[PDB]
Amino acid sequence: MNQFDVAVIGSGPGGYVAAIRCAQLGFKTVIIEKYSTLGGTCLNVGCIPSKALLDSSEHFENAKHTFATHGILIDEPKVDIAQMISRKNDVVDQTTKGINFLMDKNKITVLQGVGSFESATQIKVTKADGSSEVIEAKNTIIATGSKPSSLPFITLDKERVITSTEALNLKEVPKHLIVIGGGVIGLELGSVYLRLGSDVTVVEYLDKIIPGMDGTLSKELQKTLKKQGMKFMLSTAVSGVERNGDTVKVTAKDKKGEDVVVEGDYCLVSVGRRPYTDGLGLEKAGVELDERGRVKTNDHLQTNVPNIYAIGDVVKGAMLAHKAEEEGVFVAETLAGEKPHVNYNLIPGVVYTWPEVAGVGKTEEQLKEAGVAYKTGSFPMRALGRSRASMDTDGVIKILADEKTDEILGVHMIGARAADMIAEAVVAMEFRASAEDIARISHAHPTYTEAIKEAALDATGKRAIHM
């Protein structure tokens, strides 16, 4: 029997970052992955693939609609979908090799197979051929991640009634793509194919898109996506999804109770993500789940079995890749006798549409439900000289500040490069900065971040300069 200090089950962003941090702290560490390659959901069927298709489709969007204005003379651009998907596949293969490299550099043992608990200290690793080996580990970090949710009445066929996994591998640009469900994934992949020529209709039970974010962002994102051609059927309860050859028929009822029928040639189900624990052998180690199917954890991400921890999508909190990464570093440093901290209020959330959407801190709805006295500052992206020069003019920056102390309580962005502008707000809130603090700091001109500076001026005293 091989012996290790720490075992990590799952090779997603939480898993392999946790392993590296365990190796850096001196633990003999092993990581177990059932997939053929390392990287988890985010690399193989998640973040990296979506960003690659989003980047290529946005290039296609510019060529089709803005090149003439930009002074670039081309004929009607055409989509080579096989090259798009193939290039994305190479991007995934690139990142997988980098993760392999990191494992070797940190002297982490990598085992391919399904890891199941035999006890609180023994783990069975079953390879593809069915053979098994048992290893011993003093501590174990569960990082098994999540799987796509679905609806029980939908029969997924991996052809036309699909999830994000297959949607990233289409053999053609859909004529009419139907998106069932209000997950972020649906809006991102819908943007990809909307740009590539598809008709996209989002059919959703929820009353607004991205409802977990600030309401202004919900409003502005639907406003800009409609402007781009996406159609939205909100507050609509789907009751059926039929495949009839080359056609999918979605039947539902609207908020007034009337019947609704939507037909397309492709249907993507994006109704959320579900924690994944199948085959993990939790009963044999004694680890408890909650009513939602998540590994119960305490303040130290510890299960009821003291030597077993759990991180990432398999536990409570925002199901984000960098949230799993931070929790992995947290457990490793905790195992080393340190006292780390995670501020979950300061974990940003990003939507990778164009314009990008990003938020950190409290939403206005959260401040209202708590009876917090707050100020609002708001500056539009179209007023920036940088946006006029690039034609990326959609969106707004919104800052919430405590009315008495001026401390920034939440920053909510929709606009060009918001996925990276949000970092300024994260650092600002980490140092408990006031709106006045940010308003007085130099922001490079011309940049999109000047909208943050202007919004902070608006929040601190309604004294923005460029509005």
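In case it trips you up, residue 1 is the first one in the sequence shown, and so on.
> Which is higher on average in the deposited entry, the C-alpha temperature factors of 435 to 443 or of 409 to 417?
Replying inline: The recorded data point to 435 to 443.
> Which of the two stretches, 354 to 362 or 376 to 384, shows the higher mean Cα temperature factor in the record?
Replying inline: The deposited B-factors put 376 to 384 ahead on the C-alpha mean.
> Going by the deposited entry, which of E338, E325, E204, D394 has the highest CA temperature factor?
Replying inline: In the PDB entry, the greatest C-alpha B-factor among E338, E325, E204, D394 is found at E338.
> Looking at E166, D214, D290, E188, which has the highest CA B-factor as recorded?
Replying inline: The record points to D290.
>> Lowest, middle or highest third: which one holds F153 when the chain's residues are ordered by CA B-factor from the entry?
In response: Within its chain, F153 is a middle-third residue by C-alpha B-factor, going by the deposited values.
> Ranked by Cα temperature factor within the chain, is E33 in the lowest third, the middle third or the highest third?
Replying inline: Middle third of the chain for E33's C-alpha B-factor.
> In terms of the CA temperature factor given in the entry, to which third of its chain does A18 belong: lowest, middle or highest?
Replying inline: Lowest third - that is where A18 ends up once the chain's C-alpha B-factors are sorted.
>> Per the entry's values, where does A459 land by CA temperature factor relative to the rest of its chain, in the lowest, middle or highest third?
In response: Within its chain, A459 is a highest-third residue by C-alpha B-factor, going by the deposited values.
> In terms of the chain's CA B-factor thirds, is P306 lowest, middle or highest?
Replying inline: CA B-factor rank for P306: middle third.
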